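Enquirer: Residue numbers (the entry's author numbering), protein chains in the order written: chain A, 1 to 304; chain A', 1 to 304. A prime marks a further copy of an entry chain. In this text, a Cβ means the ideal position worked out from N, Cα and C, and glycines have one as well.
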Ligand SMILES: Cc1ccncc1NC(=O)Cn1ccc2ccc(F)cc21
Ligand SMILES: Cc1ccncc1NC(=O)Cn1ccc2ccc(F)cc21
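In structure tokens form, the structure reads like this:
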């Protein structure tokens, strides 16, 4: 029993973190096989960020300008290329600590763990969700760029995020491991306001099922609703519309607890309309939306 | 910017996790040097837990009865001893992945990371605090026993907790790495109710300073208070009394933000008396108490 915001064990990712320096800029790189992945803005000075021409800036850079250090040892750079907003630095040595890995581009609402790093060294690990507006609410300071987000299935690490920037509103934007930004963000220091941060309805329901499994049941009521009726409430409270696909993904949780998805939607509807009345659910005084239905099943079953 | 419940990178601890089986019971062990540490209740059957005589149960066990597996390879057990509520299994091979380590017995209010494991395999990592009643609010299922709590200072892992049991109330009890339980708990299946779970006042103040650093300032008011006046409020709301030692530990946060500790106590006092009025602080709708002043400084400065 108990339910926590749990991150994947970070060891497999720690063995991939390196430090990349270009000129006076130092950030984090991800070393997998004989390639180091890092944000392309490593080639910029703070002044360049206002309007950088990355292709032009990269012409003045040679292999010997990218200083790649793994712990206390220096990697030899034998090639460099830009793929979208990431640089790929070919090194002469395959990372001996390279785990089984994949590069995946996640969908909004999906969760992942972040290993925050500075100077190629890990500082901490926490669980995040890709918000519906494609930002992440992380914890990053200057130097954290190149820190990565990932999920783990048994022995395979699926890398989904690489940190690039902080928006003026304190939220975070970044790319997948192919260098494509999530959302409309660009790696430029300009007005990039975020869209509406809606609540991930399917995750709140999954977390409500997690609460029932762990003993927190005060919010269960005598009511039911329909998808269309629930969605009228969800729209009013800036919640994502719930679809039949979401109901289907909640099936195993519905089966385990014996509480039909639409009955749980009616509990959520009353919680939205009436609030928590000074009460808590799984130690939270608000509706948590950064646990997917898969996360709840995983934590509640003990998948390693 | 941003503030998250961050755990230490778990890699150094992942390399120490092993599976220990005795008879029909399997739990986690911690392999450091040529010794495997595990909860002594590994020698019990579920029936034995009602009133176990560990010394008598251990007489029927020989070195060959403790099956210790590290990944897919078997460790040879050349000695066994019981130290308080932990068993120390001497193996013939030093763990090559043994990090620099210490065993520390933490004080209530202190925080630590937990690497939850099942069958010697890690499932996840999360940040915890030793509650003032000596329980921990974790996330553990059957098989998680032997999972450990730790802190990391640069390259040294300080092991502070080993998981032993779940109380009937869903909270968790365990020992330090010398086998001594935190609090009055015993490794017996009996009525062991927990004392008052008070709020760690010094941590709430540290988190309020973290909020100011990250932009959340609505709770700052025009008032001040005294230690004795604040403590009258703290007693009413089951908060730990604030001492001059706590004020002293909050000094660096007070210095960074320019907000005197007693002024922050007056903000906390008004938050206790009036509530949050439907507002949030660092994404929480309640006063968070599982960040120490050291945690706040560490996260806000980027210590790796
Ligand atoms: C300081 C900080 C805190 C947290 N996370 C990241 C950062 N760093 C940055 O944002 C660096 N940086 C500055 C301007 C700019 C423009 C575009 C871009 F891709 C990166 C940019
Ligand atoms: C099932 C579970 C869930 C979460 N964390 C731990 C557990 N396991 C246990 O508590 C095992 N166990 C059962 C009786 C008993 C008595 C004393 C003791 F030290 C261990 C005991």
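1. If you count every other CB in all the chains shown that lies within 10 Å of the CB of residue 78 of chain A', and 16 or more means buried, which is it?
2. Is there a Cβ of chain A' sitting closer than 8 Å to that of residue 139 of chain A, yes or no?
3. Would you call the segment 140-152 of chain A' in contact with the segment 188-205 of chain A', where contact means no fewer than 3 C-beta pairs closer than 8 Å?
4. Taking beta-carbon pairs under 9 Å, can you tell me which members of the segment 274-296 of chain A lie near chain A'?
5. According to a CB-to-CB cut-off of less than 9 Å, which residues of the segment 193-216 of chain A neighbour chain A'?
6. Does any CB atom of chain A fall closer than 8 Å to the CB of residue 118 of chain A'?
7. Need the endpoints of the alpha helix (DSSP H) that residue 273 of chain A' sits in, please.
8. Would you grab the beta carbon distance between residue 104 of chain A and residue 158 of chain A for me? Rounded to a whole angstrom, and I think it's under 8 Å.
9. With a threshold of 7 Å, establish whether the CB of residue 187 of chain A neighbours any heavy atom of ligand 1.
10. Pick helix, strand or coil for residue 237 of chain A, following the three-state DSSP scheme.
11. Let me know if residue 8 of chain A' comes out buried or exposed under the rule of 16 or more other beta-carbons within 10 Å of its beta-carbon.
12. Kindly indicate if chain A' contains any beta-carbon less than 8 Å away from that of residue 39 of chain A.
13. Where does residue 279 of chain A' land, buried or exposed, given buried means 16+ other C-beta within 10 angstroms?
14. Does any C-beta atom of chain A lie closer than 8 Å to the C-beta of residue 14 of chain A'?
15. May I have a chain-ordered list of the beta strand (DSSP E) segments no shorter than 3 residues that lie completely inside the segment 160-224 of chain A?
16. Between residue 141 of chain A' and ligand 2, is there a pair consisting of the residue's CB and a ligand heavy atom that are separated by less than 7 Å?
17. Examine chain A for any beta-carbon lying closer than 8 Å to the beta-carbon of residue 4 of chain A', and answer yes or no.
18. Using a Cβ-Cβ distance under 8 Å, would residue 68 of chain A count as near chain A'?
19. With respect to 7 Å, is the separation between the Cβ of residue 165 of chain A and the closest non-hydrogen atom of ligand 1 below this value?
20. Buried or exposed, going by whether 16 or more other CB atoms sit within 10 Å of the CB of residue 299 of chain A'?
21. Going by the C-beta, is residue 145 of chain A' closer than 7 Å to any heavy atom of ligand 2?
22. Assuming contact is defined by CB atoms lying nearer than 8 Å, are residue 174 of chain A and residue 154 of chain A in contact in what I supplied?
23. Cα separation between residue 304 of chain A' and residue 115 of chain A?
24. Roughly how many angstroms separate the alpha carbons of residue 146 of chain A' and residue 229 of chain A', rounded to a whole number?
25. Using 8 Å as the threshold, is the C-beta distance between residue 86 of chain A' and residue 38 of chain A' below it?
26. Express the C-alpha separation of residue 241 of chain A and residue 53 of chain A' in angstroms, rounding to a whole number.
27. Looking at the secondary structure, which residues open and close the alpha helix (DSSP H) in which residue 114 of chain A' lies?
28. Along the chain, where does the alpha helix (DSSP H) that runs through residue 255 of chain A open and close?
29. Which chain A' residues sit within Cβ distance under 7 Å of residue 121 of chain A?
30. When DSSP labels each residue in this structure, what does residue 151 of chain A' get in the three-state scheme?
31. Give the range of the beta strand (DSSP E) segment to which residue 83 of chain A' is assigned.
32. With DSSP collapsed to three states, give me the class of residue 244 of chain A.
33. May I have the straight-line CA-CA distance separating residue 74 of chain A' from residue 113 of chain A, to the nearest angstrom?
34. Could you name the residues that DSSP lists as bridge partners for residue 88 of chain A?
35. Please state whether DSSP places residue 157 of chain A' in a helix, a strand or coil.
36. Suppose you measure from the CA of residue 67 of chain A' to the CA of residue 121 of chain A'; what does that come to, to the nearest Å?
Expert: The structure says:
1. exposed
2. yes
3. no
4. 275, 276, 278, 280, 283, 284, 285 and 286
5. 214 and 215
6. yes
7. 261-274
8. 5 Å
9. yes
10. coil
11. buried
12. no
13. exposed
14. yes
15. 172-175
16. yes
17. yes
18. no
19. yes
20. buried
21. yes
22. no
23. 11 Å
24. 43 Å
25. yes
26. 57 Å
27. Run containing residue 114 of chain A': none in the alpha helix (DSSP H); it sits in the beta strand (DSSP E), 111-118.
28. 251-257
29. 304
30. strand
31. 77-83
32. helix
33. 31 Å
34. A:37 and A:81
35. strand
36. 15 Å
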